[PDB]
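Novice: Mind looking over this structure? Questions follow.
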Amino acid sequence: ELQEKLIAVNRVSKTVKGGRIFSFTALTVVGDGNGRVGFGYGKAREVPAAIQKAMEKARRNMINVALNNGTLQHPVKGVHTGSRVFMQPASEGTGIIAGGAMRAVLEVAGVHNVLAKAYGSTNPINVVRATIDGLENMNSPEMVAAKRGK
Amino acid sequence: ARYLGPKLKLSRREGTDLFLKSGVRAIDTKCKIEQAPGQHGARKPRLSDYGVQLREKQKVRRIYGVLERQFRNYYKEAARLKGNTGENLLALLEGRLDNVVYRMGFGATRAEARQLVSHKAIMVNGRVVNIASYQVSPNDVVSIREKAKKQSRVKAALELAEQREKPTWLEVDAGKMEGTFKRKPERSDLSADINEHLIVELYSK
Amino acid sequence: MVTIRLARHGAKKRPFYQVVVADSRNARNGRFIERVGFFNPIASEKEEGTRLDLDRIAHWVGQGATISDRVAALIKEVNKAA
Amino acid sequence: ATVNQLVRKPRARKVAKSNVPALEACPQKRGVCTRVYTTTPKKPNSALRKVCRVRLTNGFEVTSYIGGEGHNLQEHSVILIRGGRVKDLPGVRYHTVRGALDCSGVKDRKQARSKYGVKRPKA
Amino acid sequence: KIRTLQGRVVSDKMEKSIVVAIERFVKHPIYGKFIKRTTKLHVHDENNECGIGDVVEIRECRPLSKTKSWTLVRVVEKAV
Amino acid sequence: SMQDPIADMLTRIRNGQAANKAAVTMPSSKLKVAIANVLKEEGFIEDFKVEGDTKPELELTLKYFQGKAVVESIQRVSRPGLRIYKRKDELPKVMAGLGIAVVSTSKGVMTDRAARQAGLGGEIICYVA
RNA sequence: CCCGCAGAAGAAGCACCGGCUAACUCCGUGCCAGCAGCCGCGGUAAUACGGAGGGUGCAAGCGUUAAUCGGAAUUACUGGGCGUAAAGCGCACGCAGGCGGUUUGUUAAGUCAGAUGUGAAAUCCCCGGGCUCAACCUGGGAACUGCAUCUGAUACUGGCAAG
RNA sequence: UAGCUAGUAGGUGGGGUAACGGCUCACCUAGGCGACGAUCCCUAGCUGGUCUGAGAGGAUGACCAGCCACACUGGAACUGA
């Protein structure tokens with residue numbers, strides 16, 4: 001099973017020889033609640049095709065997150081194009097205390113106990129890239145022990 | 001202040017059945033469930049992220065009949081206790097004397113249960129308590145006063161109570177009409193579809 | 001002068017008293033030297049209406065601290081109950 | 001930004017001034033309502049807005065908006081004003097309270113009544 | 001032996017009395033840097049036994065004059 | 001280096017790791033050797049070796065799990081300009097215990113776990129992770 | 001406080017419903033009247049203005065104004081920047097100041113550790129207890145993240161000495 | 001606001017005080033404070049606390065408790081522990 005959810009959609013335009021034509025972009029995140037998430041960004045002349053193109057973009061480009069138990073291994077930082085996010089693990093029963101694209105990425109990826117904030121520009125494309133980036137760089141004790149000690 | 005409006009229209013906005021109109025007639029044959037309760041009932045109810053948190057918080061309140069000030073206080077206390085806040089909150093809601101009288105059968109609806117509690121006709125450990133939000137603890141003894149054991153409504157409420165599922169966490173006697181709060185119900189034996197995490201997200205900002 | 005007197009606390013019509021060692025010129029429940037027990041007048045079956053911890057009262061009387069009449073009555077009661 | 005630079009002169013937290021100066025942190029003030037007129041707003045909106053020029057008890061002379069659907073104010077009447085500006089011509093940041101002193105609740109008003117000073121119709 | 005602040009003379013021009021600055025290395029409350037703070041302090045030496053730059057121990061005493069409540073204990077470094 | 005030779009050594013380590021260098025060198029100090037001991041006993045480097053008598057040189061040997069360096073971050077914490085001292089009950093967990101803090105205790109230079117064990121804090125040299 | 005007495009009998013409002021923001025239709029009006037926190041709305045509809053009907057939220061209250069912190073990482077210690085967005089002095093030299101390669105020794109100022117004394121009570125927090133419950137009251141505790149003093153440590157910073 | 005200060009800073013004696021002390025006086029010395037902000041101007045009772053904030057902080061100091069200061073304004077004493 002893969003959770004789906006749209007983040008945002010807007011109505012980019014382009015000035016043509018005569019008037020000005022229109023498109024739509026949609027940003028979607030896909031995951032399974034077991035530490036895999038991916039985002040997608042499709043453009044189309046109409047919203048539903050933009051959303052679908054986004055969803056197939058998102059079902060490829062799935063990463064692996066090394067979750068702990070529904071929360072994060074350790075506090076993690078992410079940046080992308082002037083968008084800095086901070087996630088840290090929480091206690092059980094603490095929800096997804098997260099913002100916009102933060103909440104959606106953390107949800108579909110299978111996190112339940114996070115404590116997140118986004119600092120720079122909160123443009124969803126960039127905050128979702130920042131969040132995915134932070135999550136994919138997270139270390140669990142297994143690989144850190146593997147890479148250095150026991 | 002309670003809520004004194006039409007009971008079913010409150011359930012139809014929430015969609016699901018709320019047990020606040022209880023008896024023989026088995027609603028959707030009472031009156032027109034599953035249209036939100038107004039001139040645009042047929043209109044599509046698709047609603048936002050904040051709308052679903054709001055809808056379930058509203059539904060929990062409508063079940064127990066708690067207003068927003070007490071419900072907020074319940075959340076504060078549950079979020080202060082140790083353990084997950086959502087089941088803390090449901091347990092606080094289910095330890096309410098209003099509710100316990102309902103769930104022990106005697107008391108047809110939680111508003112009739114509250115009608116009983118308020119009217120000096122319930123004893124907790126052998127003395128009259130008429131606060132609906134009174135917290136029952138493990139091993140109180142909730143019982144109808146003798147002066148009100150001859151009341152016909154409590155006797156009638158009892159029969160339509162074993163058709164309702166009887167909670168495990170409390171044990172009641174119908175002959176000598178009297179019960180016993182055994183333990184704080186767990187989330188699991190609270191037979192419901194409450195999604196308490198959207199509630200805790202609602203007040204968490 | 002040092003007197004052992006009752007400082008009236010609690011709520012309205014539900015008095016609670018702190019047994020306080022104090023300089024007699026202060027306000028009743030103002031600046032004090034030491035708390036030596038408490039007295040709960042409205043406690044009938046309600047348990048522990050009076051704790052005094054009489055070693056400190058003994059110490060302060062041995063230094064010329066006077067007792068109020070109510071504290072003296074409370075000391076008799078605690079001694080008799082013993 | 002260097003730690004010496006911050007030790008030597010620390011960060012000055014900028015102070016933001018109130019945009020209702022004449023109140024002076026009083027939630028309302030009493031004014032004298034020297035003149036009433038109907039001024040014209042910014043280029044996008046076309047209407048005549050009921051405004052009065054009012055002298056507060058604290059000496060400020062200031063411009064107030066008589067909101068609502070109707071009017072009774074005059075050239076000396078004593079009114080009460082509260083904060084909140086209108087996207088009107090620069091200088092309007094006060095808002096007469098209808099029903100508070102010499103002002104009256106607007107007539108035949110039946111929704112948002114408490115904001116116009118109109119009392120509940122006996123029905 | 002009570003506290004014995006240990007400082008360095010900075011002026012010997014009042015007769016029978018010196019001025020002694022004490023360096024303390026304190027952590028800045030907000031910025032967390034360790035700064036240097038000075039405490040100049042009029043001290044009494046009866047015998048004019050001190051010269052500028054000397055490093056001296058002082059102790060606290062009763063007030064000897066207006067702004068003079070410390071007295072000399074030793075000279076630890078008769079630096080010239 | 002010119003004023004902070006310990007941020008020099010950490011800068012060399014992370015620059016050589018991002019350069020996929022096998023070994024870095026720097027002029028040695030005895031505290032450089034102390035921190036190098038902490039690292040190579042925590043598995044963050046392979047080895048080191050100080051050669052030279054009038055001009056010793058510390059020869060750190062970097063360590064890659066595959067094509068990725070073992071150290072992700074190594075940041076100087078107490079610097080000349082902020083010295084950082086922690087009491088043993090406020091010693092820092094670096095990446096939730098998955099990375100070390102090397103502290104300077106009055107019983108030598110140890111890791112953060114070792115210090116909070118032996119119940120003594122000290123000056124926080126760096127965070128490795 | 002308890003008991004009796006009738007009798008549903010004596011006991012609901014206020015804001016909002018374009019987006020942010022839960023909740024929409026019709027009439028009226030026609031860039032007027034008006035609204036507005038922002039975006040903005042109104043020139044025949046206009047879910048945005050007035051009335052209605054409906055709905056939402058809160059409820060003996062509900063809105064508005066003021067004010068403080070938050071959101072604001074928007075003075076950034078934690079936690080920001082300076083090529084072009086605001087921002088490297090026109091350029092040096094230089095005192096104070098800040099910072100300071102390496103190895104010993106010493107000291108023990110910083111630092112760290114232990115102790116002790118103090119850190120009023122109340123408040124806050126935890127576990128209880130009493131008020132029919134709650135608020136409130138209260139018992140015990142913890143906390144008071146500090147200050148001082150003594151004993152110890154000596155990696156690091158400082159001092160002093162020698163390189 | 002960059003200099004400020006002649007009981008000004010210190011010292012010897014008198015005196016005074018419950019007490020130490022430029023507290024006062026006579027003489028002597030010529031200092032003292034200041035860029036680690038003196039002086040001057042402005043504002044302000046201080047604290048436990050309160051509010052807000054994840055925190056660090058900000059903002060506050062109503063009630064209650066502790067300390068200060070005042071009692072029409074300005075002087076002054078007396079009496080008295």
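Identifiers for the structure tokens are assigned positionally: chains receive A, B, ... in sequence, residues are indexed from 1 per chain, and ligands are indexed from 1 in the order shown.
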Skip residue 63 in chain E itself and residues of its chain fewer than 3 positions away, then list as a ChimeraX atom specification all residues within 6 Å of it, counting only C-alpha atoms (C1' of nucleotides).

Specialist: /E:68-69 /H:20-21

Novice: Specify as a VMD selection string all residues of chain A found within 7 Å of chain B, counting only C-alpha atoms.

Specialist: chain A and resid 92 to 93 95

Novice: Once you have the residues from the selection above, write them out as a PDB file, in the first residue's frame, restricted to N, CA and C atoms.

Specialist:
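Contents of again.pdb, freshly written:
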```
ATOM      1  N   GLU A  92       6.210   9.037  22.214  1.00  0.00           N
ATOM      2  CA  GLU A  92       4.995   8.416  21.716  1.00  0.00           C
ATOM      3  C   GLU A  92       3.786   9.209  22.191  1.00  0.00           C
ATOM      4  N   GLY A  93       2.782   9.307  21.342  1.00  0.00           N
ATOM      5  CA  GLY A  93       1.613  10.084  21.654  1.00  0.00           C
ATOM      6  C   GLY A  93       1.714  11.539  21.276  1.00  0.00           C
ATOM      7  N   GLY A  95       2.047  13.944  18.267  1.00  0.00           N
ATOM      8  CA  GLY A  95       1.653  13.762  16.888  1.00  0.00           C
ATOM      9  C   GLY A  95       2.763  14.099  15.917  1.00  0.00           C
TER      10      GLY A  95
END
```

Novice: May I have the residues within 9 Å of range 142-145 of chain A as a CSV table (one decimal) with C-alpha atoms, in the first residue's frame, using only C-alpha atoms (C1' of nucleotides) and disregarding those fewer than 6 positions away in the same chain?

Specialist:
```csv
chain,number,residue,atom,x,y,z
F,70,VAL,CA,33.2,7.8,8.1
F,98,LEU,CA,25.4,8.1,17.7
F,99,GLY,CA,28.3,10.6,17.5
```

Novice: Using only C-alpha atoms (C1' of nucleotides), determine which residues lie at most 12 Å from residue 67 in chain E, disregarding the query and same-chain residues fewer than 2 positions distant; provide the list as a PyMOL selection string.

Specialist: (chain E and resi 17-19+40-44+61-65+69-71) or (chain H and resi 9-10+21-22+32-33)

Novice: Got a sec: who's within 10 Å of residue 87 in chain D, counting only C-alpha atoms (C1' of nucleotides), leaving out chain neighbours fewer than 3 positions off, as a list in words?

Specialist: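 Surrounding residues, per the criterion: residues 41, 42, 45, 90, 91, 92 and 93 of chain D; 36 of chain G.
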
Novice: Residues of chain E within 12 Å of chain D, using only C-alpha atoms, as a ChimeraX atom specification?

Specialist: /E:27-36

Novice: Would you save the residues of that selection, restricted to N, CA, C and O atoms, as a short mmCIF file (atom, residue, chain, number, x, y, z; two decimals), in the first residue's frame?

Specialist:
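New file again.cif:
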```cif
data_model
loop_
_atom_site.label_atom_id
_atom_site.label_comp_id
_atom_site.auth_asym_id
_atom_site.auth_seq_id
_atom_site.Cartn_x
_atom_site.Cartn_y
_atom_site.Cartn_z
N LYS E 27 32.31 34.62 33.17
CA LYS E 27 31.65 34.24 31.93
C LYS E 27 30.54 35.22 31.63
O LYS E 27 29.76 35.57 32.52
N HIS E 28 30.46 35.66 30.38
CA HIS E 28 29.43 36.60 29.99
C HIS E 28 28.06 35.94 30.11
O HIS E 28 27.89 34.80 29.67
N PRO E 29 27.09 36.59 30.73
CA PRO E 29 25.81 35.93 30.97
C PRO E 29 25.08 35.46 29.72
O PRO E 29 24.53 34.36 29.72
N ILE E 30 25.08 36.23 28.64
CA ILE E 30 24.31 35.88 27.46
C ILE E 30 25.18 35.33 26.35
O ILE E 30 24.79 34.39 25.66
N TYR E 31 26.38 35.85 26.18
CA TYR E 31 27.20 35.44 25.05
C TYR E 31 28.15 34.32 25.39
O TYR E 31 28.67 33.67 24.48
N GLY E 32 28.37 34.05 26.66
CA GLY E 32 29.11 32.87 27.05
C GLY E 32 30.60 32.99 26.95
O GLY E 32 31.29 32.00 27.16
N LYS E 33 31.09 34.17 26.60
CA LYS E 33 32.51 34.43 26.54
C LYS E 33 33.03 34.73 27.93
O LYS E 33 32.31 35.24 28.78
N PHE E 34 34.29 34.41 28.16
CA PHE E 34 34.93 34.68 29.43
C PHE E 34 35.64 36.01 29.30
O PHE E 34 36.58 36.15 28.52
N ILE E 35 35.17 37.00 30.04
CA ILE E 35 35.69 38.35 29.92
C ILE E 35 36.52 38.64 31.15
O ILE E 35 36.55 37.87 32.10
N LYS E 36 37.22 39.76 31.12
CA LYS E 36 37.99 40.21 32.26
C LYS E 36 37.31 41.40 32.88
O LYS E 36 36.99 42.36 32.19
#
```

Novice: Find the residues near residue 7 in chain H: any atom within 10 Å, counting only C-alpha atoms (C1' of nucleotides), skip ones fewer than 3 places away on the same chain, and give them as a list in words.

Specialist: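 Selected residues are residues 22, 23, 24 and 25 of chain H.
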
Novice: Write a file of the selected residues as a PDB file, in the first residue's frame, keeping C-alpha atoms (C1' of nucleotides).

Specialist:
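Written output follows (result22.pdb):
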```pdb
ATOM      1  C1'   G H  22      35.469  63.119  56.138  1.00  0.00           C
ATOM      2  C1'   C H  23      30.731  61.964  60.136  1.00  0.00           C
ATOM      3  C1'   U H  24      32.867  66.810  61.581  1.00  0.00           C
ATOM      4  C1'   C H  25      36.793  70.196  62.282  1.00  0.00           C
TER       5        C H  25
END
```

Novice: Counting only C-alpha atoms (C1' of nucleotides), which residues of chain G sit at most 7 Å from some atom of chain B, and what is each one's closest atom pair with its distance in Å to one decimal, listed by chain and rising residue number, as a Markdown table?

Specialist:
```
| residue | atom | partner | partner_atom | distance |
| --- | --- | --- | --- | --- |
| G:22 | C1' | B:51 | CA | 6.4 |
| G:54 | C1' | B:39 | CA | 5.6 |
| G:55 | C1' | B:38 | CA | 6.4 |
| G:132 | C1' | B:129 | CA | 5.0 |
| G:133 | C1' | B:134 | CA | 5.0 |
```

Novice: Take the selection from the previous step and output its residues with N, CA, C and O atoms (P, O5', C5', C4', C3', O3' and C1' of nucleotides), as a PDB file, in the first residue's frame.

Specialist:
```pdb
ATOM      1  P     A G  22     -12.176  25.965   6.728  1.00  0.00           P
ATOM      2  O5'   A G  22     -12.726  25.325   8.065  1.00  0.00           O
ATOM      3  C5'   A G  22     -13.313  24.039   8.091  1.00  0.00           C
ATOM      4  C4'   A G  22     -14.563  24.051   8.923  1.00  0.00           C
ATOM      5  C3'   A G  22     -15.773  24.638   8.239  1.00  0.00           C
ATOM      6  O3'   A G  22     -16.434  23.643   7.488  1.00  0.00           O
ATOM      7  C1'   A G  22     -15.540  25.569  10.391  1.00  0.00           C
ATOM      8  P     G G  54     -34.854  28.457   9.289  1.00  0.00           P
ATOM      9  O5'   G G  54     -33.502  27.940   8.642  1.00  0.00           O
ATOM     10  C5'   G G  54     -33.348  26.594   8.245  1.00  0.00           C
ATOM     11  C4'   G G  54     -32.147  26.427   7.361  1.00  0.00           C
ATOM     12  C3'   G G  54     -30.844  26.118   8.053  1.00  0.00           C
ATOM     13  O3'   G G  54     -30.696  24.769   8.446  1.00  0.00           O
ATOM     14  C1'   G G  54     -30.479  27.841   6.528  1.00  0.00           C
ATOM     15  P     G G  55     -30.248  24.392   9.938  1.00  0.00           P
ATOM     16  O5'   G G  55     -28.680  24.510   9.922  1.00  0.00           O
ATOM     17  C5'   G G  55     -27.931  23.711   9.040  1.00  0.00           C
ATOM     18  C4'   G G  55     -26.631  24.359   8.673  1.00  0.00           C
ATOM     19  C3'   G G  55     -25.609  24.492   9.774  1.00  0.00           C
ATOM     20  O3'   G G  55     -24.908  23.290  10.043  1.00  0.00           O
ATOM     21  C1'   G G  55     -25.778  26.519   8.654  1.00  0.00           C
ATOM     22  P     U G 132     -19.103  19.867  49.855  1.00  0.00           P
ATOM     23  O5'   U G 132     -19.601  18.373  49.657  1.00  0.00           O
ATOM     24  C5'   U G 132     -18.716  17.313  49.381  1.00  0.00           C
ATOM     25  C4'   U G 132     -19.231  16.406  48.300  1.00  0.00           C
ATOM     26  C3'   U G 132     -18.583  16.552  46.940  1.00  0.00           C
ATOM     27  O3'   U G 132     -17.351  15.884  46.859  1.00  0.00           O
ATOM     28  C1'   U G 132     -20.920  16.347  46.702  1.00  0.00           C
ATOM     29  P     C G 133     -16.006  16.714  46.884  1.00  0.00           P
ATOM     30  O5'   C G 133     -15.628  16.870  45.371  1.00  0.00           O
ATOM     31  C5'   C G 133     -15.506  15.729  44.545  1.00  0.00           C
ATOM     32  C4'   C G 133     -15.711  16.089  43.106  1.00  0.00           C
ATOM     33  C3'   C G 133     -14.780  17.131  42.541  1.00  0.00           C
ATOM     34  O3'   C G 133     -13.509  16.609  42.221  1.00  0.00           O
ATOM     35  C1'   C G 133     -16.973  17.574  41.857  1.00  0.00           C
TER      36        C G 133
END
```

Novice: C1' of residue 95 in chain G and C1' of residue 34 in chain H are how many Å apart?

Specialist: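 About the pair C1' of residue 95 in chain G and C1' of residue 34 in chain H: they are 18.3 Å apart.
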
Novice: How would you write, as number ranges by chain, the set of residues in chain B that DSSP gives as strand (DSSP E)?

Specialist: B: 122-124, 142-144, 170-173, 178-181

Novice: Could you please take those selected residues and save N, CA, C and O atoms as a compact mmCIF listing (two decimals), in the first residue's frame?

Specialist:
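Ended up saving to part_25.txt:
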```txt
# COMPACT_ATOMS: atom_id res chain seq x y z
N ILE B 122 -28.54 9.38 42.17
CA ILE B 122 -27.42 8.45 42.05
C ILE B 122 -26.53 8.62 43.27
O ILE B 122 -26.33 9.74 43.74
N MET B 123 -25.99 7.52 43.77
CA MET B 123 -25.08 7.54 44.91
C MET B 123 -23.77 6.92 44.47
O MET B 123 -23.76 5.85 43.88
N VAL B 124 -22.67 7.60 44.73
CA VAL B 124 -21.35 7.04 44.50
C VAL B 124 -20.75 6.76 45.86
O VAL B 124 -20.47 7.70 46.61
N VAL B 142 -21.47 2.91 42.01
CA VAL B 142 -22.53 3.77 41.52
C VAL B 142 -23.84 3.02 41.71
O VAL B 142 -23.93 1.84 41.39
N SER B 143 -24.84 3.70 42.25
CA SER B 143 -26.10 3.04 42.52
C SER B 143 -27.23 4.05 42.54
O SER B 143 -27.04 5.18 42.95
N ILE B 144 -28.41 3.61 42.12
CA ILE B 144 -29.59 4.45 42.23
C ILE B 144 -30.03 4.51 43.68
O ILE B 144 -30.06 3.49 44.38
N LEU B 170 -16.32 -2.39 33.69
CA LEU B 170 -17.22 -2.12 34.81
C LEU B 170 -18.28 -3.21 34.86
O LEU B 170 -18.69 -3.74 33.84
N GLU B 171 -18.72 -3.52 36.08
CA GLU B 171 -19.63 -4.63 36.32
C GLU B 171 -20.83 -4.14 37.09
O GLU B 171 -20.67 -3.47 38.11
N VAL B 172 -22.02 -4.48 36.62
CA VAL B 172 -23.26 -3.90 37.09
C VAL B 172 -24.20 -5.02 37.52
O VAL B 172 -24.13 -6.14 37.01
N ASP B 173 -25.07 -4.71 38.46
CA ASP B 173 -26.15 -5.59 38.86
C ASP B 173 -27.48 -4.90 38.59
O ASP B 173 -27.66 -3.73 38.93
N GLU B 178 -27.15 -1.22 40.74
CA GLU B 178 -25.88 -0.89 41.37
C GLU B 178 -24.78 -1.44 40.49
O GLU B 178 -24.95 -2.49 39.87
N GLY B 179 -23.65 -0.75 40.45
CA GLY B 179 -22.57 -1.21 39.60
C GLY B 179 -21.22 -1.15 40.26
O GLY B 179 -21.13 -1.03 41.47
N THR B 180 -20.15 -1.26 39.48
CA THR B 180 -18.82 -1.17 40.05
C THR B 180 -17.84 -0.83 38.95
O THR B 180 -17.65 -1.60 38.01
N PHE B 181 -17.21 0.33 39.08
CA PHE B 181 -16.14 0.74 38.18
C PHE B 181 -14.90 -0.06 38.53
O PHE B 181 -14.24 0.20 39.54
```

Novice: For range 47-57 of chain E, please output as number ranges by chain all residues within 7 Å (counting only C-alpha atoms (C1' of nucleotides); exclusion window: fewer than 4 positions along the same chain).

Specialist: E: 4-12, 16-17, 72-80

Novice: Can you write just those residues out, N, CA and C atoms, as a short mmCIF file (atom, residue, chain, number, x, y, z; two decimals), in the first residue's frame?

Specialist:
```
data_model
loop_
_atom_site.label_atom_id
_atom_site.label_comp_id
_atom_site.auth_asym_id
_atom_site.auth_seq_id
_atom_site.Cartn_x
_atom_site.Cartn_y
_atom_site.Cartn_z
N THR E 4 41.22 37.20 51.67
CA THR E 4 42.50 37.48 51.05
C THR E 4 42.38 37.56 49.53
N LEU E 5 41.74 38.63 49.08
CA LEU E 5 41.87 39.03 47.69
C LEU E 5 43.32 39.36 47.36
N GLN E 6 43.73 39.02 46.14
CA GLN E 6 45.13 39.02 45.75
C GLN E 6 45.24 39.85 44.48
N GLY E 7 45.76 41.06 44.59
CA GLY E 7 45.73 41.99 43.48
C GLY E 7 47.04 42.68 43.18
N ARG E 8 46.99 43.81 42.49
CA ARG E 8 48.18 44.49 42.01
C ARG E 8 48.04 45.99 42.16
N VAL E 9 49.06 46.65 42.71
CA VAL E 9 48.94 48.06 43.04
C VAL E 9 48.82 48.87 41.77
N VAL E 10 48.03 49.94 41.81
CA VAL E 10 47.88 50.82 40.66
C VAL E 10 48.16 52.27 40.97
N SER E 11 48.11 52.69 42.23
CA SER E 11 48.54 54.04 42.55
C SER E 11 48.94 54.09 44.01
N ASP E 12 50.07 54.75 44.29
CA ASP E 12 50.58 54.92 45.64
C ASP E 12 50.85 56.40 45.77
N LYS E 16 49.91 56.47 53.33
CA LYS E 16 49.46 55.31 54.09
C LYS E 16 48.35 54.51 53.40
N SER E 17 48.17 54.64 52.10
CA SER E 17 47.13 53.89 51.42
C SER E 17 47.45 53.72 49.94
N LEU E 72 46.14 45.93 53.81
CA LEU E 72 47.19 45.10 53.23
C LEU E 72 47.54 43.92 54.12
N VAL E 73 47.74 42.76 53.51
CA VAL E 73 48.19 41.57 54.21
C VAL E 73 49.66 41.28 53.89
N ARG E 74 49.98 41.04 52.62
CA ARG E 74 51.35 40.76 52.24
C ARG E 74 51.65 41.43 50.92
N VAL E 75 52.92 41.42 50.56
CA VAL E 75 53.36 41.68 49.19
C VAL E 75 53.88 40.36 48.66
N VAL E 76 53.22 39.82 47.64
CA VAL E 76 53.61 38.52 47.11
C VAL E 76 54.66 38.63 46.01
N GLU E 77 54.70 39.76 45.30
CA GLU E 77 55.63 39.97 44.20
C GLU E 77 56.01 41.44 44.26
N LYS E 78 57.15 41.75 44.87
CA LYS E 78 57.59 43.14 45.00
C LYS E 78 58.14 43.64 43.66
N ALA E 79 57.30 43.55 42.64
CA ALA E 79 57.75 43.83 41.29
C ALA E 79 58.13 45.29 41.15
N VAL E 80 59.26 45.53 40.49
CA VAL E 80 59.77 46.88 40.30
C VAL E 80 59.75 47.22 38.82
#
```

Novice: For chain G, work out the contacting residues on chain D at 9 Å, counting only C-alpha atoms (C1' of nucleotides), and write them as a PyMOL selection string.

Specialist: chain D and resi 3-4+10-14+23-28+44-47+68-69+81-84+86-87+109-112+114-115

Novice: Could you work out which residues of chain A fall inside 12 Å of chain G? Count only C-alpha atoms (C1' of nucleotides), and format the result as a list in words.

Specialist: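 The answer, sorted by residue number, is residues 83, 84, 85, 86, 117, 118, 119, 120 and 121 of chain A.
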
Novice: What's the separation between CA of residue 57 in chain D and CA of residue 20 in chain D, in Å to one decimal place?

Specialist: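 Spanning CA of residue 57 in chain D to CA of residue 20 in chain D is a straight-line distance of 15.0 Å.
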